[PDB]
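Enquirer: Quick one: structure below, then a few questions.
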Amino acid sequence: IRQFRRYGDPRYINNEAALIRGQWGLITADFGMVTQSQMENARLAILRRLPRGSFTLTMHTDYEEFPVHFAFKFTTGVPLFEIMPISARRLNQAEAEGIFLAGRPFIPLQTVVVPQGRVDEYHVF
Amino acid sequence: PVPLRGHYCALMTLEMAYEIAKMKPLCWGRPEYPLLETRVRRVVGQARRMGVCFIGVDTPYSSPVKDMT
Amino acid sequence: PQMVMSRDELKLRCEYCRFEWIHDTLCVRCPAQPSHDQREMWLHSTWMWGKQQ
Amino acid sequence: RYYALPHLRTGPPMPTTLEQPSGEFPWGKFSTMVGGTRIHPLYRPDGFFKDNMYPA
Amino acid sequence: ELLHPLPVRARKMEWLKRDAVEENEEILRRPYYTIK
Amino acid sequence: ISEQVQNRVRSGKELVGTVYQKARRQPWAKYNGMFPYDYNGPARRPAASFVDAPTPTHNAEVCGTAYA
Amino acid sequence: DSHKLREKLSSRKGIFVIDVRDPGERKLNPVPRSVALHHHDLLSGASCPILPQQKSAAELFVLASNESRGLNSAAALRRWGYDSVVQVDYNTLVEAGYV
Amino acid sequence: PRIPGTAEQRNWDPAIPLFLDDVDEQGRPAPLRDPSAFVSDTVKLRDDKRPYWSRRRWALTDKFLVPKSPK
RNA sequence: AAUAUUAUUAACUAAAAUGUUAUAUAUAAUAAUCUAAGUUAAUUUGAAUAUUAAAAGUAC
Ligand SMILES: [Mg+2]
Ligand SMILES: [Zn+2]
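Chains as they are written, first to last, in the entry's author numbering: chain AQ, 25 to 92, 110 to 166; chain AK, 138 to 206; chain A9, 59 to 111; chain BM, 228 to 283; chain At, 17 to 52; chain BI, 276 to 343; chain Bb, 42 to 140; chain Ao, 131 to 163, 214 to 251.
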């Protein structure tokens with residue numbers, strides 16, 4: 025409540041390499057602040073490119089909102122979206138990245154597409 | 138196709154698949170080739186692809202015989 | 059022609075489309091359907107030092 | 228307190244049976260032909276409609 | 017403000033300052049006495 | 276060496292002996308621009324030297340044009 | 042010491058034994074031909090000029106009570122180029138007639 | 131002292147050895163019966229470029245990436 | 001301590017180790033000669049659609 029300009033500073037690089045439960049995931053590569061509306065735009069743009077018969081888009085919104110207006114302060118490596126399978130459909134990297142490519146522009150900071158399991162942050166970074 | 142619906146269409150024995158596959162050879166000059174045991178799978182798998190349920194296969198057991206243990 | 063930000067953002071959209079060099083600037087020309095033409099954005103073909111950095 | 232690694236009593240320095248999966252997307256070098264394929268020109272593949280239609 | 021880059025030989029001299037400092041600390045890690 | 280290797284290896288890609296030449300000469304189409312060796316000069320390589328050459332007897336004498 | 046015995050008898054003269062050992066027990070035990078060093082005085086490199094000049098030709102005996110500092114001082118010595126180092130405790134060189 | 135350097139130098143510099151007496155420096159004693217094998221220092225001088233002279237390798241080497249300047 | 005107030009500045013003559021510039025810039029390697037058809041036009045959605053309308057994609 026009534027937090028100062030220096031609070032929840034995203035600028036540090038985190039030690040937590042996230043674990044993405046979904047088959048694919050979209051992960052924050054830099055520091056920044058993201059508006060909710062931007063993530064909604066991203067979500068809709070991604071849902072345009074998904075085969076809704078085999079797939080479900082999971083958005084991680086549970087992070088704190090910080091006053092500016111309320112937005113998110115994102116550290117490197119924080120997961121955003123998850124492509125979760127309802128069936129045996131196994132995407133390639135080109136396909137998954139082609140899917141997240143729609144929603145990348147709306148997000149103001151750089152993002153990486155990461156495959157199922159734990160982020161291998163030697164390869165990502 | 139099954140995931141499109143979520144239920145199989147009609148049951149079929151592999152007995153019937155042979156008499157379907159008997160009819161399509163590669164060359165009528167030589168009926169034996171290609172061999173049934175192989176090319177039957179094309180029929181089985183296409184029926185599969187159609188959504189046909191099967192007996193020999195995709196269910197554990199073989200259709201009951203009255204007279205034998 | 060539309061100017062792409064860099065060489066990576068440059069794709070061949072059609073069957074007849076080609077990579078060509080405009081004086082050290084890499085570009086894409088289609089003899090059919092000219093709306094497919096892409097330039098890499100870079101310095102003018104003629105530039106001095108004070109005039110262009 | 229100072230912190231230091233234990234010695235090696237047994238087994239290899241880099242985990243062999245315990246390998247983490249490597250995090251790249253596993254595209255074979257020969258399955259996607261891009262680079263790192265050093266193939267002798269005698270052994271050149273996939274010419275089936277160009278020069279490997281008229282072999283040897 | 018600082019506008020134009022540092023020239024190369026300046027930072028070469030700075031590197032020389034670094035290993036001069038190091039040359040000092042090696043001396044400092046030598047023993048207090050010597051048994052002869 | 277490489278062009279000689281190109282010559283004495285078989286013609287499978289391009290036409291030998293024929294006057295067509297599928298790959299047409301287009302010098303103007305290629306890269307026009309200067310490389311860093313166009314500014315800083317040709318890259319330095321070790322000067323080609325003669326080791327253990329015998330001493331030059333007749334260094335005072337002049338070589339005759341050898342057409343004879 | 043069916044090997045060590047003839048090694049230390051008459052094979053050469055000697056001052057060959059560096060004992061890194063507590064000052065308390067080197068009065069109790071004492072081996073009176075050994076140079077009494079301190080194990081810190083070895084590792085540090087403050088003993089180098091009295092240690093023999095040719096690094097390869099030498100073989101030195103570390104006389105230690107606790108074997109852990111025998112193992113420490115071995116490394117201390119091979120840091121300065123002494124590779125052949127034999128660790129001996131007190132009772133060992135009793136049977137060798139060295140005391 | 132028989133210990134080179136002051137305390138400030140000791141807890142600055144990982145060159146001066148630990149002067150621990152009766153224990154091994156690194157955990158418990160090593161068994162008596214090569215870091216560079218897995219550590220890669222290979223400096224790649226020229227950055228490998230993208231094959232515009234081949235049509236298939238151009239699109240197969242595609243990098244899906246959006247340039248973003250920091251805000 | 002005792003008292004009084006308050007809202008960069010180069011003797012002279014020489015010596016002297018620290019100013020100059022590392023400018024943006026990467027090419028060669030595609031014009032690219034050769035070929036009959038055959039589970040199969042799978043099935044669904046659709047008026048139609050046969051690899052390339054949508055759906056579904058580990059049948060062979
Ligand atoms: Mg269709
Ligand atoms: Zn085009």
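Even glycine gets a Cβ: it sits at the ideal position worked out from N, Cα and C.
#1: For residue 44 (chain AQ), which of helix, strand or coil comes out of DSSP?
#2: Determine, using beta carbons only, whether residue 224 (chain Ao) comes closer than 9 Å to chain AQ.
#3: Quick check on the DSSP output: the beta strand (DSSP E) that includes residue 301 (chain BI) runs from which residue to which?
#4: CB residue 91 (chain AQ) to CB residue 26 (chain AQ), shorter than 9 Å?
#5: Tell me where the beta strand (DSSP E) around residue 82 (chain AQ) begins and ends.
#6: Return the Cβ separation of residue 74 (chain Bb) and residue 55 (chain Bb) in integer angstroms, given the expectation that the two are a contact with Cβ distance under 8 Å.
#7: Mind pulling the chain BM residues with CB within less than 9 Å of residue 156 (chain Ao)?
#8: Put residue 111 (chain AQ) into one of helix, strand or coil per three-state DSSP.
#9: Closer than 8 Å, Cβ to Cβ, to anything on chain Ao: give me those residues from the stretch 81-97 of chain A9, in chain order.
#10: Would residue 87 (chain AQ) pass as an interface residue toward chain BM - the criterion being a Cβ-Cβ separation below 9 Å?
#11: Confirm, please, whether the CB-CB distance from residue 57 (chain AQ) to residue 129 (chain AQ) is below 9 Å.
#12: Can you tell me the Cα-Cα spacing of residue 76 (chain AQ) and residue 145 (chain AK), whole angstroms?
#13: What three-state label does DSSP hand residue 56 (chain AQ) in the structure shown?
#14: Could you check whether the Cβ of residue 94 (chain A9) sits closer than 8 Å to any heavy atom belonging to ligand 2?
#15: Label residue 134 (chain Ao) either buried or exposed according to how many other C-beta atoms from any shown protein chain fall within 10 Å of its C-beta, with 16 as the threshold for buried.
#16: Does the stretch 261-269 of chain BM come close enough to the stretch 147-158 of chain AK that 3 or more CB-CB pairs lie under 8 Å?
#17: Under the rule that 16 or more other beta-carbon atoms within 10 Å means buried, what is residue 147 (chain Bb), buried or exposed?
#18: Bridge partners for residue 185 (chain AK) per DSSP, in chain order?
#19: Would you say residue 152 (chain Ao) lies against chain Bb (beta-carbon separation less than 9 Å)?
#20: Taking C-beta to C-beta, are residue 93 (chain Bb) and residue 101 (chain Bb) nearer than 9 Å?
#21: Exposed or buried, what is residue 139 (chain Bb) when buried is set at 16 or more other beta-carbons lying within 10 Å of its beta-carbon?
#22: Excluding sequence positions up to five away, which residues of its chain have a Cβ less than 6 Å from the Cβ of residue 40 (chain AQ)?
#23: Taking residue 159 (chain Ao) as the query, report the chain Bb residues whose CB atoms sit under 9 Å from its CB, ordered along the chain.
#24: Counting pairs of beta carbons, one from the stretch 135-148 of chain AQ and one from the stretch 46-53 of chain AQ, are three or more of them closer than 8 Å?
#25: Measuring only between beta-carbons, confirm whether residue 297 (chain BI) sits less than 9 Å from chain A9.
#26: Using a threshold of 9 Å, state whether the C-beta atoms of residue 42 (chain AQ) and residue 122 (chain AQ) are closer than that.
#27: Reducing DSSP to helix, strand and coil, say where residue 152 (chain AQ) ends up.
#28: Mind the definition here: the stretch 89-97 of chain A9 touches the stretch 234-254 of chain BM only if three or more C-beta pairs lie below 8 Å; say whether that holds.
#29: Since residue 109 (chain Bb) and residue 83 (chain Bb) are thought to touch, with beta carbons under 8 Å apart, how far apart are those beta carbons, to the nearest angstrom?
#30: Should residue 218 (chain Ao) be flagged as near chain BM, meaning a C-beta pair shorter than 9 Å?
#31: Could you tell me whether any non-hydrogen atom of ligand 2 is closer than 8 Å to the CB of residue 90 (chain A9)?
#32: What is the rounded straight-line gap between the Cα of residue 18 (chain At) and the Cα of residue 40 (chain At)?
#33: Write down the C-beta distance between residue 98 (chain Bb) and residue 123 (chain Bb) rounded to the nearest angstrom, noting that I regard them as a contact closer than 8 Å.
#34: At a threshold of 8 Å, does residue 295 (chain BI) count as lining ligand 2 (C-beta to nearest heavy atom)?
#35: Going by DSSP in three states, residue 63 (chain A9) sits in which element: helix, strand or coil?
#36: Tell me whether residue 75 (chain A9), by its Cβ, gets closer than 8 Å to a heavy atom of ligand 2.
Expert: Reading it off the structure:
#1: Taking the first residue of the first sequence as 1, we reach residue 44 (chain AQ) at position 20. In this structure, residue 44 (chain AQ) counts as strand in the three-state DSSP scheme.
#2: The count along the eighth sequence starts at 1 and reaches residue 224 (chain Ao) at position 44. No, no contact with chain AQ.
#3: Indexing the sixth sequence from 1 puts residue 301 (chain BI) at position 26. Run containing residue 301 (chain BI): none; DSSP gives neither H nor E here.
#4: Along the first sequence, read from residue 1 onward, the residue named residue 91 (chain AQ) stands at position 67. Along the first sequence, read from residue 1 onward, the residue named residue 26 (chain AQ) stands at position 2. Cβ distance < 9 Å, so residue 91 (chain AQ) and residue 26 (chain AQ) count as in contact.
#5: Residue mapping note: residue 82 (chain AQ) aligns to position 58 of the first sequence, counting from 1. Note, residue 82 (chain AQ): beta strand (DSSP E), 79-83.
#6: Working through the seventh sequence from its first residue, we reach residue 74 (chain Bb) at position 33. Working through the seventh sequence from its first residue, we reach residue 55 (chain Bb) at position 14. The beta-carbon distance between residue 74 (chain Bb) and residue 55 (chain Bb), rounded to whole angstroms, is 6 Å. This is short enough to meet the 8 Å contact definition.
#7: Here the question's residue 156 (chain Ao) lines up with position 26 in the eighth sequence. Within chain BM, the residues near residue 156 (chain Ao) are 231, 232, 233 and 234.
#8: Position 70 of the first sequence holds residue 111 (chain AQ). Residue state, collapsed to three classes: strand.
#9: So the list reads 84, given in the order they occur along the chain.
#10: Within the first sequence, the letter at position 63 stands for residue 87 (chain AQ). Not a single CB atom of chain BM sits nearer than 9 Å to the CB of residue 87 (chain AQ).
#11: Taking the first residue of the first sequence as position 1, residue 129 (chain AQ) is located at position 88. Taking the first residue of the first sequence as position 1, residue 57 (chain AQ) is located at position 33. Contact flag unset, no.
#12: Within the first sequence, numbered from 1, the residue matching residue 76 (chain AQ) stands at position 52. Within the second sequence, numbered from 1, the residue matching residue 145 (chain AK) stands at position 8. Straight-line Cα distance between these residues: approximately 22 Å.
#13: Position 32 of the first sequence holds residue 56 (chain AQ). The answer is strand: DSSP assigns residue 56 (chain AQ) an E or B state.
#14: Taking the third sequence and counting its residues from 1, the one referred to as residue 94 (chain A9) is at position 36. Answer for residue 94 (chain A9): yes, Cβ within range of ligand 2.
#15: For the purposes of this step, residue 134 (chain Ao) is taken as residue 4 along the eighth sequence, with counting starting at 1. Per the 10 Å Cβ criterion, buried.
#16: Per the Cβ contact rule, the stretch 147-158 of chain AK is not in contact with the stretch 261-269 of chain BM (fewer than 3 Cβ pairs under 8 Å).
#17: Here chain Bb has residues from 42 to 140 only, and residue 147 (chain Bb) is not among them.
#18: Sequence index remark: in the second sequence, residue 185 (chain AK) carries index 48 (1-based). In the DSSP output, where bridge partners are listed per residue, residue 185 (chain AK) has none listed.
#19: As a first step, residue 152 (chain Ao) is located in the eighth sequence; it is residue number 22 there, counting from the start. Yes, its Cβ sits closer than 9 Å to a Cβ of chain Bb.
#20: Numbered from its first residue, the seventh sequence carries residue 93 (chain Bb) at position 52. Numbered from its first residue, the seventh sequence carries residue 101 (chain Bb) at position 60. Cβ distance < 9 Å, so residue 93 (chain Bb) and residue 101 (chain Bb) count as in contact.
#21: Indexing the seventh sequence from 1 puts residue 139 (chain Bb) at position 98. Residue 139 (chain Bb) comes out buried.
#22: Taking the first sequence and counting its residues from 1, the one referred to as residue 40 (chain AQ) is at position 16. Once the five neighbours on either side are set aside, residue 40 (chain AQ) has no close Cβ partner at all.
#23: Residue mapping note: residue 159 (chain Ao) aligns to position 29 of the eighth sequence, counting from 1. Listed along chain Bb are 109 and 112, each with a C-beta nearer than 9 Å to that of residue 159 (chain Ao).
#24: Judged by Cβ distances under 8 Å, the stretch 135-148 of chain AQ makes contact with the stretch 46-53 of chain AQ, as three or more pairs qualify.
#25: Walking along the sixth sequence from the start, residue 297 (chain BI) turns up at place 22. Taking Cβ atoms only, chain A9 never reaches closer than 9 Å to residue 297 (chain BI), which makes this a no.
#26: In the first sequence, the residue the question calls residue 42 (chain AQ) occupies position 18. In the first sequence, the residue the question calls residue 122 (chain AQ) occupies position 81. With respect to residue 122 (chain AQ), residue 42 (chain AQ) sits apart: the two C-beta atoms are not nearer than 9 Å.
#27: Position 111 of the first sequence, counted from the start, is the residue given in the question as residue 152 (chain AQ). Shown here, residue 152 (chain AQ) sits in a strand according to DSSP, grouped into three states.
#28: The stretch 89-97 of chain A9, when compared against the stretch 234-254 of chain BM, does not touch it at the 8 Å Cβ threshold.
#29: Counted from its first residue, the seventh sequence places residue 109 (chain Bb) at position 68. Counted from its first residue, the seventh sequence places residue 83 (chain Bb) at position 42. So it is not a contact: roughly 15 Å between Cβ atoms.
#30: Residue mapping note: residue 218 (chain Ao) aligns to position 38 of the eighth sequence, counting from 1. Output row for residue 218 (chain Ao): interface = yes.
#31: Along the third sequence, one-based indexing puts residue 90 (chain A9) at 32. Yes, Cβ of residue 90 (chain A9) sits closer than 8 Å to a heavy atom of ligand 2.
#32: Here residue 18 (chain At) is taken as the residue at index 2 of the fifth sequence, counted from 1. Here residue 40 (chain At) is taken as the residue at index 24 of the fifth sequence, counted from 1. A straight line joining the alpha-carbon of residue 18 (chain At) with that of residue 40 (chain At) spans about 32 Å.
#33: Looking up residue 98 (chain Bb) in the seventh sequence gives position 57. Looking up residue 123 (chain Bb) in the seventh sequence gives position 82. Taking C-beta atoms under 8 Å as the contact rule, residue 98 (chain Bb) and residue 123 (chain Bb) fail to qualify, at a distance of about 10 Å.
#34: In the sixth sequence, the residue the question calls residue 295 (chain BI) occupies position 20. Checking the Cβ of residue 295 (chain BI) against ligand 2 gives no.
#35: As a position in the third sequence, residue 63 (chain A9) is number 5, starting the count at 1. In the structure shown, residue 63 (chain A9) sits in coil (DSSP, three-state: anything other than H, G, I, E or B).
#36: Taking the third sequence and counting its residues from 1, the one referred to as residue 75 (chain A9) is at position 17. Taken from the Cβ of residue 75 (chain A9), at least one heavy atom of ligand 2 lies inside 8 Å.
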